[PDB]
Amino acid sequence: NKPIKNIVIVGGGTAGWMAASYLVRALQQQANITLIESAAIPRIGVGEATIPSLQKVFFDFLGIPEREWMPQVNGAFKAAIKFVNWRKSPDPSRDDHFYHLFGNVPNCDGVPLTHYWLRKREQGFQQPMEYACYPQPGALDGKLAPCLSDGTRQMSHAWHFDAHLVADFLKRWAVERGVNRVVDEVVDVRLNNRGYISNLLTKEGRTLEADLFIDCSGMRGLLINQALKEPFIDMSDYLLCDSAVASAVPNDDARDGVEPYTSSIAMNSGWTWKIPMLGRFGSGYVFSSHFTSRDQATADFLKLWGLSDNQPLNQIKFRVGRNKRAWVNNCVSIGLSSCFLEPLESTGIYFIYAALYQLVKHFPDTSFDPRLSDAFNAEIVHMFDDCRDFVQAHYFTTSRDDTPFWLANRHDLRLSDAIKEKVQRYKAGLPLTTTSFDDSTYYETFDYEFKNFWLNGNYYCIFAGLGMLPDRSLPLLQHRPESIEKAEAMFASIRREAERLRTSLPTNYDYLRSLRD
């Protein structure tokens, strides 16, 4: 069979330029790549938060080190997401926060420290799980950098950056490596009688042909949904939010520091992200139009940050869900054209480079063997539905009951069998997926991470943070007092590391400044 020679990517947002760059790198020879993007249709870039696989799967693949791309996108550091006011109905006299940290919780004799922590909690231990089981949360409270001043990494972390700048950076990178860029707008898509894409007709009268089409057109799914008619599976029965109101808010970094984490601040009818970088933070109130109006939600977002009726706002709507199939015939959807999940756990850009990784892993020839696309499609469904369930578990496990929105989340959601099963194991006191890999191994082994994306520590951060704990500690521990004492020594080491970080790390603001404004 003839190899794919010509590839056309529709879309110049983060997805299209990630696609262009990943494919140009992956396809060393024989491929001609063209990207068409409209000057008239804006990209989606709100201020974006990411996870460690961005470097390991995406930039490392391109051969671009962190120090090369970070400054060009005004990158900042992200060590966690901090959930605020999620646990029960907010009270301004009470500090309700918890962290979801990157990285694996250590095991002690085959049992994760989360489980020894729970046994202590049964005996009256007061410290929250993540402060007991991870060395870094107090450092995040102190707004400390993830690295020593000399750049030596001290905790697993990822990035916050200007999403437009990321698209721009990759545009430059891809074009320089032979990617053909066309600034124009696709107006019609012709299919042959068999249902394959023949060509794209553009506003300026260009006819684009290719062996392979990558739909990066964003939520409109110009090829996959509109031309190819692939059903979008609306998952608004699983998750209620459908809207965001977003802006950048200036930050007084010299006075207030730069928080080395994304915050998720539960609101009345959704939650507000906060994504700090030097000089400002991206923020957006993700809300459900069924429970609040855009105008009301806008009042709230402005009130939250003391912002004026004059502050210009990025008003957004979205459909939650995914295509029935991500790749149909000769078209692969990547990015917002493929699926969307609210940004509660920073999975959006992950879905782009994870899908691209899988595309290259299942790369077709011009015959388009359906066995390849079937296998690819199955990977995408696992990836998405697994993240959807994880996000949904933040909502159905909450103890908040103060608004219609929170009550709906507690009572009215449709839950997959898979998430019910995980919750059941957790409640029984069983660990979820654990590994004896350290973080380096995990984050360097994407075939492992892709299929084991949420580990025991991830579930525990969320469920413990939200105040849903197992019915009991692991029965096995009752037989293992030596192991319990071994775990005590491990908790002691974590505390020692935390105290060392406290006095060793520069502030995030100082470190970012030393990398340079």
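Position 1 is the first residue in the sequence shown; the rest follow in order.
Q: Does at least a third of the other compared PDB entries (those resolving both flanking residues) leave residue 29 without coordinates?
A: No, none of the compared structures omit it.
Q: Are coordinates for residue 59 absent from at least a third of the other PDB entries that model its neighbours?
A: No: coordinates for residue 59 present in every compared entry.
Q: For the stretches 259-267 and 69-77, which has the higher mean C-alpha B-factor as given in the deposited record?
A: The stretch with the larger average C-alpha B-factor is 69-77.
Q: So 94-102 or 309-317, which one's hotter by mean CA B-factor in the entry?
A: In the deposited entry, the stretch with the higher C-alpha B-factor mean is 309-317.
Q: Take the CA temperature factors straight from the PDB entry and tell me which of 217, 338, 123, 114 peaks.
A: The C-alpha B-factor peaks, among 217, 338, 123, 114, at 123.
Q: Which one, 456, 55, 473, 28, has the peak C-alpha temperature factor per the PDB entry?
A: Across 456, 55, 473, 28, the entry lists the biggest C-alpha B-factor for 28.
Q: Place residue 178 in the lowest, middle or highest third of its chain's C-alpha B-factors, as listed in the PDB entry.
A: For residue 178, the deposited C-alpha B-factor lands in the highest third.
Q: Comparing against every modelled residue in the chain, figure out the third that the C-alpha B-factor of residue 44 lands in (lowest, middle or highest).
A: For residue 44, whose C-alpha B-factor we compare with every modelled residue in the chain, the answer is the highest third.
Q: If you rank every modelled residue in this chain by C-alpha B factor, which third holds residue 279: lowest, middle or highest?
A: For residue 279, whose C-alpha B-factor we compare with every modelled residue in the chain, the answer is the highest third.
Q: Pull the Cα B-factor of residue 446 out of the PDB entry and bin it into the chain's lowest, middle or highest third.
A: Tercile = middle for this residue's CA B-factor.
Q: Test of reading the entry: by CA B factor among the chain's modelled residues, which third contains residue 82?
A: As the PDB entry reports it, the C-alpha B-factor of residue 82 lands in the lowest third of its chain.
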